[PDB]
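Engineer: First to last, the protein sequences are chains B and A.
When the letters of the first sequence are read in order and numbered with the entry's author numbering, they come out as residues 299 to 338, 348 to 718.
When the letters of the second sequence are read in order and numbered with the entry's author numbering, they come out as residues 299 to 338, 350 to 716.
We treat Cβ as the ideally placed atom computed from N, Cα and C, and that holds for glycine.
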Amino acid sequence: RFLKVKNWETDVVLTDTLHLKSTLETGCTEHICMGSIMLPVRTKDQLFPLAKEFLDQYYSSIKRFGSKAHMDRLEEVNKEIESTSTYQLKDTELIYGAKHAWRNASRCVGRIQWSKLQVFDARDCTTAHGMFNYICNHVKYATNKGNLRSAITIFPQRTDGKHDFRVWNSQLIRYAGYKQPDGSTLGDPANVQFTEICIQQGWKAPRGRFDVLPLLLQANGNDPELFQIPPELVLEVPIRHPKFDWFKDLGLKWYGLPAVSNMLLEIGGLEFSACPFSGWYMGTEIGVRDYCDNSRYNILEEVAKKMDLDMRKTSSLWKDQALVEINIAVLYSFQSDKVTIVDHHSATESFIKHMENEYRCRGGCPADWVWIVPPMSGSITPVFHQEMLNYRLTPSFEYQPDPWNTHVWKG
Amino acid sequence: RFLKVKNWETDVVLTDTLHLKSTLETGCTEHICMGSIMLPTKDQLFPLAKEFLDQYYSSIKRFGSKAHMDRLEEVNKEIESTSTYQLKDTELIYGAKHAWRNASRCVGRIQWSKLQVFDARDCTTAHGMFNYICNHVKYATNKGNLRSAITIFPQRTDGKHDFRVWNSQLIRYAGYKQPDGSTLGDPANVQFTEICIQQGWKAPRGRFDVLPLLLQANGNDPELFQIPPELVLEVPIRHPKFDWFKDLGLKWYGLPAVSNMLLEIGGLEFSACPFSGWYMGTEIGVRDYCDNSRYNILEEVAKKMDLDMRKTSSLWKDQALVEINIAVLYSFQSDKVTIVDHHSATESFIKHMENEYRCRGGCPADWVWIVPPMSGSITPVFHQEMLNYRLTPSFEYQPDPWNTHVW
Ligand code: HEM
Ligand code: HEM
Ligand SMILES: Nc1ccc2ccc(CNCCCc3cccc(F)c3)cc2n1
Ligand SMILES: Nc1ccc2ccc(CNCCCc3cccc(F)c3)cc2n1
Ligand SMILES: C[C@H](O)[C@H](O)[C@H]1CNc2nc(N)[nH]c(=O)c2N1
Ligand SMILES: C[C@H](O)[C@H](O)[C@H]1CNc2nc(N)[nH]c(=O)c2N1
Ligand SMILES: [Zn+2]
Numbered sequence: 299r300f301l302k303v304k305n306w307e308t309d310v311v312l313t314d315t316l317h318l319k320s321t322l323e324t325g326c327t328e329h330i331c332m333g334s335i336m337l338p348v349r350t351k352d353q354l355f356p357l358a359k360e361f362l363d364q365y366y367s368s369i370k371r372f373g374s375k376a377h378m379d380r381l382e383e384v385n386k387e388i389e390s391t392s393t394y395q396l397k398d399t400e401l402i403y404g405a406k407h408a409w410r411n412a413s414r415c416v417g418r419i420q421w422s423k424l425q426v427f428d429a430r431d432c433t434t435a436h437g438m439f440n441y442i443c444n445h446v447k448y449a450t451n452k453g454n455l456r457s458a459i460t461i462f463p464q465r466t467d468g469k470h471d472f473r474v475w476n477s478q479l480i481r482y483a484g485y486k487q488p489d490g491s492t493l494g495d496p497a498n499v500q501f502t503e504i505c506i507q508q509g510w511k512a513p514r515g516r517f518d519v520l521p522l523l524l525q526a527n528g529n530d531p532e533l534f535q536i537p538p539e540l541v542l543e544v545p546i547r548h549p550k551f552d553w554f555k556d557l558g559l560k561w562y563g564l565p566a567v568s569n570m571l572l573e574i575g576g577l578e579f580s581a582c583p584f585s586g587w588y589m590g591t592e593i594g595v596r597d598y599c600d601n602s603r604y605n606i607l608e609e610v611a612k613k614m615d616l617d618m619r620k621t622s623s624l625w626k627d628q629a630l631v632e633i634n635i636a637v638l639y640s641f642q643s644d645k646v647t648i649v650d651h652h653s654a655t656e657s658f659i660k661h662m663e664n665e666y667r668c669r670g671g672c673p674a675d676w677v678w679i680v681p682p683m684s685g686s687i688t689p690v691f692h693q694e695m696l697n698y699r700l701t702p703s704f705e706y707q708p709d710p711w712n713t714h715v716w717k718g
Numbered sequence: 299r300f301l302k303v304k305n306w307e308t309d310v311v312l313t314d315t316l317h318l319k320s321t322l323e324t325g326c327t328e329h330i331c332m333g334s335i336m337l338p350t351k352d353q354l355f356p357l358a359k360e361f362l363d364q365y366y367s368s369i370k371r372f373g374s375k376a377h378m379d380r381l382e383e384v385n386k387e388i389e390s391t392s393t394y395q396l397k398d399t400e401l402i403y404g405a406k407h408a409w410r411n412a413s414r415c416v417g418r419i420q421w422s423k424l425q426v427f428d429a430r431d432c433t434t435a436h437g438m439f440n441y442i443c444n445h446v447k448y449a450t451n452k453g454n455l456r457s458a459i460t461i462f463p464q465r466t467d468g469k470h471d472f473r474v475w476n477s478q479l480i481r482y483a484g485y486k487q488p489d490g491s492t493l494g495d496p497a498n499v500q501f502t503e504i505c506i507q508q509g510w511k512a513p514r515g516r517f518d519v520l521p522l523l524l525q526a527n528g529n530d531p532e533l534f535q536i537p538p539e540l541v542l543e544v545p546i547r548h549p550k551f552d553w554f555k556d557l558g559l560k561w562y563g564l565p566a567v568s569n570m571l572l573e574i575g576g577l578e579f580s581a582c583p584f585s586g587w588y589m590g591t592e593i594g595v596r597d598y599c600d601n602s603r604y605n606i607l608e609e610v611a612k613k614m615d616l617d618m619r620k621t622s623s624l625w626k627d628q629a630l631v632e633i634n635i636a637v638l639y640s641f642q643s644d645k646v647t648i649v650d651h652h653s654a655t656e657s658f659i660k661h662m663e664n665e666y667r668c669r670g671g672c673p674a675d676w677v678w679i680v681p682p683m684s685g686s687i688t689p690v691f692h693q694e695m696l697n698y699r700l701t702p703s704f705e706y707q708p709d710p711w712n713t714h715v716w
């Protein structure tokens, strides 16, 4: 079965056959579309097909499918499964795995870059202190003084689900949130709960608007420990506007390195529950969502006030106006300080080119429209006009529940 | 089976059961989501009628009454004998309103029950269709104080006798591709425009020429008709602060009136059923003006504002887009023609979603269409999970009639 997608600005029609290799389910049926729903221990039993399929893919990419080296690896993984009940990836398969999970990430607009991923293998790590060391190295390497480099650090895989490695932070670098007695929040509202756990674990909170959180790190199923990232390692950019001089006086900054740490990487049936990865920001993640979501820093009003917009009717589009300025400021600031960032026009255009190349070479590109279209100026980006097919390939990145909801405390 | 939708900005959770009534299909499966694809007999007819009538009698709190049973009996007799049936006025009105209520792509549905229904099932000729249409336009326009309405022509019979309005909207601007190679007017209608010309229309060949109606009755060849200009309320587009804006020469019409859809009620198909409400500003300022394949004017507007067009990162496109949309809303408001802005339309739809969850057990919504085409995440619909499913009565698309009809 061949599936066509049309771009309605260009009349370019593409044909998907890759969706035919899709295993996992979507959430949808013939009767309901769940395309906007945010979130919709294995036995040997289920493991060997997952391994086989994975190594068939790997061995095809390298043009060795059916080789003696292909067959010997299958038999060797097989034996290891029935013997030890799990198995170890070779270096090369890990690398190829981590790249493919990014490549298959249907919600990621930055995938044109999937083949440039620095993989750090931390599978020999045993302790939280060891994890900190690995994470500091990742953060320094990826930062690279502003010339950001994509990277992933991969800690040991799940075994019995009782010995899990986790990074409890949702991103390696992120700001604290503090709910005040009056009901206001200080700093980032999205991180209040996490901030509270850190405080409980003994972090002494500076309690400012932009306090970088400590790392809370779990090794081998043990209780997590607190660590401070060395500040010299945390690159930050003060936000100013190219024409509005009062902009800097809002006191805003952001960090340069987006590094997601709470996802689960699946490769050939193996589950890597600590696999923090980092790329660089599209400006709208900060300027639209982090600053302007109502449940985040919510600076829209204060910016519009300062701009002396007519705020008495929404039909003045004062919000739309304030939002573009804030986004201009974010990009100006990053570029001025030579920190890598991509605006949303440039990122979405790149993604269309990636997507077409992917249809030409791979037979498809799973893509989640709801996520790929930027959260401002939707129809002036070419992705808005692109039809997309959403489906799940492995290897993949998956969500997992927050560890504080599942962890068995040792004490 | 009882599904949850969460609003991530407010944490409000709503439980959908109304989806279990879904009859039609989505295009999606367990393996592939098609959420962003634009377009994914006697025996047949009786279940359809039955299902519709059961919901009609339930809505008037008469489920299982003699009157309910008798109508089922009566429609059933009419199907078996005539192989079709007729709706009572009351059922017609209920069906049309419900087709709107169930339109999962429509943000404006808080309004669904104030819909003026004009019954034109007694119509027999294009001239008649023209008269009905003019009456609809004038009623709906209401001198700028716009009122929702639909006009319903006779239902399909053997599909050789269809009533069609060939226009996509009752009011739209012409499209002429050039020797010079570009496009004068609205490039979306270039083809319809030549069908008109190659059917007789004398085109003024302007940028904003109201198209002539091309109406088809009883499956006949269709006929041209100019809408009396006096019935076409148009708004000249100016900016509340940029004086030069007025000199771009932009105008838009006040009445959005989709005329190419098919209205399905109780298995009955109404292939000509033009309906109209009023504009959300973004439809004109974002889509009509700025789509690359539409009037595509962002380039010219950015110049006039003297923005740095050297690089995409100055967000000059975004700046100009906002000002264009400020201007649309300003013009319509100044001229007292009804329009709604995207903030206000989406806030209304969230409240409508609330009402429908508590009163009906949910509300089909297509997130991809409902989220406006600018400033997505600063409107509350962005943060609202929605379930999309197909209920009947419904509006459906249908082939452009020039691909179907025979001369
Ligand atoms: C290199 C520069 C990159 C850019 C500009 C980029 C862009 C983005 C953006 C804008 C999103 C949506 C984020 C949100 O709204 O929450 C996203 C999602 C995603 N990205 Fe990328 N990305 C980049 C690199 C990467 C890398 C290196 C990986 C993994 C190796 C990755 C994997 C994903 C995944 C798994 C999601 C889904 C997040 C979720 O479902 O919560 N990204 N990316
Ligand atoms: C009262 C003022 C109204 C507002 C502000 C409104 C808003 C909208 C908007 C913004 C769209 C997306 C249009 C597009 O992007 O092409 C839409 C689609 C739709 N609306 Fe409404 N609407 C209103 C009245 C109505 C009425 C009176 C009906 C029918 C009785 C209706 C039925 C639909 C249908 C069927 C669609 C989508 C059709 C498709 O799938 O292409 N609308 N509406
Ligand atoms: N520039 C980049 C690169 C990769 C990224 C990967 C993930 C994210 C952030 N994802 C956060 C998702 C938070 C969330 C909340 C609720 C539900 C849900 F599914 C996700 C940002 C990136 N930004
Ligand atoms: N204010 C309103 C109210 C109701 C409306 C109903 C329909 C439309 C227009 N829909 C046109 C979509 C055209 C199209 C082309 C190609 C594929 C496809 F799915 C739709 C605008 C409205 N605008
Ligand atoms: C309910 C809805 O799916 C939710 O708001 C999504 C919409 N699209 C998104 N797109 C991106 N990139 N990131 C997000 O957090 C969201 N949130
Ligand atoms: C590819 C995508 O399905 C297509 O561009 C859609 C996106 N969302 C839309 N939303 C609305 N309201 N109207 C549209 O025409 C479209 N076009
Ligand atoms: Zn779907």
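Would the region 649-669 of chain B and the region 369-388 of chain B be scored as touching if the rule is three or more Cβ pairs under 8 Å?
Structural biologist: No, the region 649-669 of chain B is not in contact with the region 369-388 of chain B.
Engineer: Nearest to A/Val715 by CA position, among A/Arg430, A/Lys302, A/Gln525 and A/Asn411, is which residue?
Structural biologist: Counted from its first residue, the second sequence places residue 715 of chain A at position 406. For A/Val715, the nearest C-alpha among the options comes from A/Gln525.
Engineer: Would you mind working out which of A/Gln364, A/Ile459 and A/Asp471 sits nearest A/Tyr441, comparing C-alpha positions?
Structural biologist: As a first step, residue 441 of chain A is located in the second sequence; it is residue number 132 there, counting from the start. Minimum Cα distance to A/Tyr441 is reached at A/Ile459.
Engineer: Taking all protein chains shown into account, do 16 or more other C-beta atoms lie within 10 angstroms of the C-beta of B/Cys331, making it buried, or fewer, making it exposed?
Structural biologist: The residue given as residue 331 of chain B occupies position 33 in the first sequence. Looking at its Cβ environment, which holds 16 or more other Cβ atoms inside 10 Å, B/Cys331 is buried.
Engineer: Please determine, among A/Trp306, A/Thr315 and A/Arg699, the residue with the shortest C-alpha to C-alpha distance to A/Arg299.
Structural biologist: Position 1 of the second sequence, counted from the first residue, corresponds to residue 299 of chain A. Here the closest residue by C-alpha is A/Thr315.
Engineer: From B/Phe584, B/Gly671, B/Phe534 and B/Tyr598, pick the residue whose C-alpha is nearest to that of B/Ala435; which is it?
Structural biologist: Here the question's residue 435 of chain B lines up with position 128 in the first sequence. Residue B/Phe534 is the option with its Cα nearest to B/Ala435.
Engineer: Below 8 Å, is the gap between the Cβ of A/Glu694 and the nearest heavy atom of ligand 1?
Structural biologist: Walking along the second sequence from the start, residue 694 of chain A turns up at place 385. Not under cutoff, so the answer is no.
Engineer: Anything in chain A within Cβ reach of B/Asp644, meaning under 8 Å, just list it in chain order.
Structural biologist: Here residue 644 of chain B refers to the residue found at position 337 when the first sequence is read from its first residue. Simply none; closest approach about 14 Å.
Engineer: Could you tell me whether any non-hydrogen atom of ligand 2 is closer than 8 Å to the CB of A/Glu592?
Structural biologist: By 1-based counting over the second sequence, the position of residue 592 of chain A is 283. True, at least one ligand heavy atom lies under 8 Å from that Cβ.
Engineer: Would the region 542-552 of chain A count as touching the region 629-647 of chain A if we require 3 or more Cβ pairs under 8 Å?
Structural biologist: With the cut-off at 8 Å, the region 542-552 of chain A and the region 629-647 of chain A touch.
Engineer: Any C-beta of chain A sitting closer than 9 Å to the C-beta of B/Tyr698?
Structural biologist: Here residue 698 of chain B is taken as the residue at index 391 of the first sequence, counted from 1. Interface residue, yes.
Engineer: By DSSP's criteria, A/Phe554 is part of a beta bridge. Which residues make up the other side?
Structural biologist: Along the second sequence, one-based indexing puts residue 554 of chain A at 245. In DSSP, A/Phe554 forms no bridge with anything.
Engineer: Run through DSSP, which three-state label would A/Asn498 get?
Structural biologist: Within the second sequence, the letter at position 189 stands for residue 498 of chain A. Helix, per DSSP.
Engineer: Quick check: the region 707-714 of chain B against the region 670-679 of chain A, are at least 3 beta-carbon pairs closer than 8 Å?
Structural biologist: No, they do not touch.
Engineer: In or out: B/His317 buried (at least 16 other Cβ within 10 Å) or exposed?
Structural biologist: Position 19 of the first sequence, counted from the first residue, corresponds to residue 317 of chain B. B/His317 comes out buried.
Engineer: Measuring only from the beta carbon, is A/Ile335 closer than 8 Å to any heavy atom that is part of ligand 6?
Structural biologist: As a working note, residue 335 of chain A is residue 37 in the second sequence. True, at least one ligand heavy atom lies under 8 Å from that Cβ.
Engineer: Around the Cβ of A/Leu322, are there at least 16 other Cβ atoms within 10 angstroms (buried) or fewer (exposed)?
Structural biologist: By 1-based counting over the second sequence, the position of residue 322 of chain A is 24. Answer is exposed; the Cβ neighbour count stays below 16.
Engineer: Using a Cβ-based criterion (distance less than 8 Å to any ligand heavy atom), does A/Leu424 qualify as near ligand 2?
Structural biologist: Here residue 424 of chain A is taken as the residue at index 115 of the second sequence, counted from 1. Checking the Cβ of A/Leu424 against ligand 2 gives yes.
Engineer: Below 8 Å on C-beta distance, what does A/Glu307 contact in chain B?
Structural biologist: Residue numbering aside, residue 307 of chain A sits at position 9 when the second sequence is read from its first letter. Ordered by position in chain B, the residues that pass the 8 Å Cβ test against A/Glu307 are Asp600, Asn601 and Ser602.
Engineer: Looking at C-alpha atoms only, which residue of A/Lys319, A/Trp421, A/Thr324 and A/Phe439 is the closest neighbour of A/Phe361?
Structural biologist: Position 52 of the second sequence, counted from the first residue, corresponds to residue 361 of chain A. When each option's Cα is compared against that of A/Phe361, the closest is A/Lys319.
Engineer: Quick one: is the Cβ of B/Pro682 within less than 8 Å of any heavy atom of ligand 6?
Structural biologist: For the purposes of this step, residue 682 of chain B is identified with residue 375 of the first sequence, where counting begins at 1. It does not: the Cβ of B/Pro682 is nowhere closer than 8 Å to a heavy atom of ligand 6.
Engineer: Which chain A residues sit within Cβ distance under 9 Å of B/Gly685?
Structural biologist: Stepping through the first sequence from its first residue, residue 685 of chain B is reached at position 378. The contacting residues are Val595, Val680, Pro681, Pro682, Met683, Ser684 and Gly685.
Engineer: So B/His661 contacts chain A; which residues on that side make the cut at Cβ distance below 8 Å?
Structural biologist: Here residue 661 of chain B refers to the residue found at position 354 when the first sequence is read from its first residue. Chain A residues near B/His661: none, gap ~17 Å exceeds 8 Å.
Engineer: Return the residue from the list B/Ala497, B/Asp489 and B/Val690 that minimises the CA-CA distance to B/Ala483.
Structural biologist: Stepping through the first sequence from its first residue, residue 483 of chain B is reached at position 176. Comparing Cα positions, the closest option is B/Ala497.
Engineer: Considering only heavy atoms of ligand 6, does any lie closer than 8 Å to the CB of B/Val649?
Structural biologist: One-based indexing of the first sequence puts residue 649 of chain B at position 342. Incorrect: B/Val649 has no Cβ contact closer than 8 Å to ligand 6.
Engineer: Determine contact between the region 499-513 of chain B and the region 402-410 of chain B, defined as no fewer than three beta-carbon pairs at a distance below 8 Å.
Structural biologist: Touching, no.
Engineer: Leaving aside the five residues before and after A/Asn634 along the sequence, list all residues of the same chain whose C-beta is less than 6 Å from its C-beta, in chain order.
Structural biologist: For the purposes of this step, residue 634 of chain A is taken as residue 325 along the second sequence, with counting starting at 1. Contacts found: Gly590 and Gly594.
Engineer: Which runs of the beta strand (DSSP E) fall wholly inside the region 396-470 of chain A and span at least 3 residues, in chain order?
Structural biologist: With a minimum length of 3 residues, the continuous beta strand (DSSP E) runs that stay inside the region 396-470 of chain A are 425-428 and 458-461.
Engineer: At the level of alpha carbons, what is the spacing between A/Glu694 and B/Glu382?
Structural biologist: Walking along the second sequence from the start, residue 694 of chain A turns up at place 385. Walking along the first sequence from the start, residue 382 of chain B turns up at place 75. Spanning the two alpha carbons is a distance of roughly 46 Å.
Engineer: When burial is assigned at 16 or more other CB atoms within 10 Å of the CB, is A/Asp530 buried or exposed?
Structural biologist: In the second sequence, counting from the first residue as 1, residue 530 of chain A sits at position 221. Exposed, by the Cβ-count rule.
Engineer: What are the boundary residues of the beta strand (DSSP E) that A/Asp314 is part of?
Structural biologist: The count along the second sequence starts at 1 and reaches residue 314 of chain A at position 16. Looking at the DSSP string, the run of the beta strand (DSSP E) that includes A/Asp314 is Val311 to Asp314.
Engineer: Assuming the contact rule is C-beta atoms closer than 8 Å, A/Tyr485 and A/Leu493 should be a hit. Round their C-beta distance to whole Å, please.
Structural biologist: The count along the second sequence starts at 1 and reaches residue 485 of chain A at position 176. The count along the second sequence starts at 1 and reaches residue 493 of chain A at position 184. With a Cβ gap of about 5 Å, A/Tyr485 and A/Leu493 count as contacting.
Engineer: Taking C-beta pairs closer than 8 Å, name the residues in chain A that B/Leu630 reaches, listed in chain order.
Structural biologist: Reading the first sequence from its first residue, position 323 is the one you call residue 630 of chain B. In chain order: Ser684 and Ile687.
Engineer: Could you pull out every residue in the same chain whose Cβ sits closer than 6 Å to the Cβ of A/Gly576, ignoring the five residues on either side in sequence?
Structural biologist: By one-based count along the second sequence, residue 576 of chain A stands at place 267. Taken in chain order, the residues that qualify are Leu354, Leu357 and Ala358.
Engineer: Just to make sure I have the definition right: I need the residues of chain A whose C-beta is within less than 8 Å of the C-beta of B/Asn634. Which are they?
Structural biologist: As a working note, residue 634 of chain B is residue 327 in the first sequence. Near B/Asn634 (Cβ distances below 8 Å), the residues of chain A are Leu624 and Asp627.
Engineer: Please work out which residues of its chain come closer than 6 Å, Cβ to Cβ, to B/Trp306, disregarding the five sequence neighbours upstream and downstream, and give them in chain order.
Structural biologist: Position 8 of the first sequence, counting from 1, holds the residue named residue 306 of chain B. Hits under 6 Å: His692.
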